[PDB]
Each structure stands twice: as structure tokens, then as C-alpha cells.
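As C-alpha cells, one chain now follows by itself in the form deposited in one PDB entry.
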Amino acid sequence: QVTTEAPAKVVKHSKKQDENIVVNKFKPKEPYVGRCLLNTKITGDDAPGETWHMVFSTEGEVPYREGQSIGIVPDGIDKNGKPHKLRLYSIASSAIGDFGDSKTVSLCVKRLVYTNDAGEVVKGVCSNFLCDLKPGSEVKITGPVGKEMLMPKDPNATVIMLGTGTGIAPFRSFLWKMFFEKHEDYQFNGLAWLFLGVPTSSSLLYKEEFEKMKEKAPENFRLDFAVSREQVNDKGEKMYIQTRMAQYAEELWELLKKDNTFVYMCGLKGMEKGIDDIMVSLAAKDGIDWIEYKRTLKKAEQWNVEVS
């Protein structure tokens, strides 16, 4: 008698792809050092700000999956001669990545530029270091991090993706795995519906890629853009993400009542409210309380949020 079955720890059941997931392999103490393969501006010269897509070599050392983030320790020192703290960035590439070899990682980065009260133009440290990164240069990577935005295991589930700006990143990751890749253990056949809010047409992130996916899965891939500074509803209201969702109120509510519907939200912290305003009305007319219904969804792993 050399064996025994040690009593199992009690554990919560998960509908998301978390089998053998990995977080915090690399710490800022000793980050993984990768290199820049490419770094391109994906927004028009005319857009209000610049958004860049960049790819780094990982030689397969960072075991990330769709929905996770990585931290970046930008080169340099702060005002006190100290190294910079890491900044997190949502992975914009699928697990196998942009080269299809599982040895790279991609980021979608907004270059932060603003002016303080003193009237001075200020440049965000990490975002400007990243957008200025030249191919061939090293970059310090930490993580992976996150489990909230992991994809659902069900290959026939409806996945509603709500994003603003660079919040599109994890959704480009999901969609590549869903429509640009042939997976043995996972071939997507549900409904993927993406809503993306950006300020202008020159700001439509990954427009061409999404159009190729629509042209490849015209039935089960739905795409709706909400261009806030160019589009307007019948009342002249700016077309924010919730304003566009409003045009499909009946359908979305109907999907939200389905048990295989998962909603994911990523991007601006403020997008969360307009969406709830929209939802509270629908549930109301349906004699349902969104407050309570949302709680259920969240506990059922069907209302996933990662905003900041």
C-alpha cells in the first residue's frame, strides 16, 4: 500500500478557458528581456492621438493566453533617480501570436500626451517609451497577468465584446483564435459580436483585419463601430458605444437572457455607466431588475469587465 487519494480542496467551477493558466512568471525584479520585431502606427496622421501596434520576441518564454496582460518596465529613471514601475498592457495577439509560432507577443498602445494645469505638455512615460521603441531594441516584460478576461471554454457560445479605444486589444486576441486560426481542440462556431468605440474614422483600430474576418465568417461574426465624433443618432447624440448598442436593444437583451451568452468589456472606466443605463431600461421593460440580474451574470461568469 503505497498510494492514497488526498482529499480534494473545495473549488469553484469555471466556464472559462483556465486549464493550466499561468500568471506572474516574470516579476519586475527580474523581467524577461525580449526584443522589438516591428512597431507601426495604426491610426491616421489625422487622428486625435496615435495608437501603435508592436510585436516582441519571447522565444516562447511567456506562456500567455487570450485575455491576459503583460507588464512593461520602461527604460530610464524617474525624477528621483529610480527605475520606473511597470505599466500593464492587454495582449493584442492570440496565444500562438502574429507569427503563428507561439514565440512572440503583441501590444496595442495609445501614446499618452496631455498638458497639465501649469500649461505644460506632458508625455506618459511607458506609452511614449513603447511607441518610440525601434525594431532591434530590448524591452523588459513581466507577467503574464489576469484571469478575468479568459475566453469561455464553450466553442458554440455567444461572445459579446464591448470595447473602447485600446480596450480593443484582448478582443483582437480572441478573434484571431476564433477566425484566423484552425485549432484542433477549439473551432469556434458560436456568435462573436464586436462593438468598438473610437473618436474618428482615422482611429478605427484593426479595421482591415476585422473586415477580412467578416468576409470569412459573414454569418457568425458581427461588427459595429461607434465613431463618437463623426456619427450621431436620430436625436443628434454622439455615437458612443452604448448609443450604438441601443440600436440593437431588442436583440442584445434576447441574447442576454440566453444561458450561453458571455459579455466582455474593456477600455475606458467611464464606458461602464452608459452601458448600465441602457441595460437597466431593457430589463425594466421586461419586468426585470438589472441590478439583480447583473449580479447573477457576474457570478455566472457572464459579465466580465476590465476597465481603467
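Residue indices: 1-based, along the sequence shown.
- Taking the PDB entry as given, 25-33 carries the higher mean Cα B factor of the two stretches 25-33 and 64-72.
- For the two regions 8-16 and 296-304, the entry's Cα B-factors average higher over 8-16.
- In the PDB entry, the Cα temperature factor peaks, among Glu230, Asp185, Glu138, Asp132, at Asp185.
- Across the residues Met245, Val55, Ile42, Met279, the deposited record lists the maximum Cα B factor for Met279.
- Ranked against the other modelled residues of its chain, the C-alpha B-factor of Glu237 as given in the entry falls in the middle third.
- The entry lists a Cα temperature factor for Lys147 that places it in the highest third of the chain's modelled residues.
- The deposited CA B-factor of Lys216 belongs to the highest third of values across its chain.
- Ranked within its chain, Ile77 lands in the middle third, by CA B factor from the PDB record.
- Ranked by Cα temperature factor within the chain, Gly270 sits in the middle third according to the deposited record.
The same protein has a further form, the form solved in complex with a partner chain, not shown here; the description that follows concerns it.
- For a residue to qualify, one of its non-hydrogen atoms must sit within 4.5 Å of its partner chain in the deposited complex; none of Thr164, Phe262 and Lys298 qualifies.
- Shown without its partner, this chain lists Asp234, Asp101, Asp78, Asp185 as candidates; in the deposited complex, only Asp101 has a non-hydrogen atom within 4.5 angstroms of its partner chain.
- Contact annotation: of the candidates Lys85, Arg222, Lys207, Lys238, the single residue with a non-hydrogen atom within 4.5 angstroms of its partner chain in the deposited complex is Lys207.
- At a distance threshold of 4.5 angstroms between non-hydrogen atoms, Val280 is out of contact with its partner chain in the deposited complex.
- Although the partner is absent from this view, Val55 contacts its partner chain in the deposited complex, with a non-hydrogen atom inside 4.5 angstroms.
- At least one heavy atom of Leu38 is located within 4.5 Å of its partner chain in the deposited complex.
- Heavy atoms of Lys212 reach within 4.5 Å of its partner chain in the deposited complex, making it an interface residue.
- Partner contacts here mean any heavy atom within 4.5 Å of its partner chain in the deposited complex, and among 125-133, 172-180, 226-234, 150-158 they occur only in 172-180.
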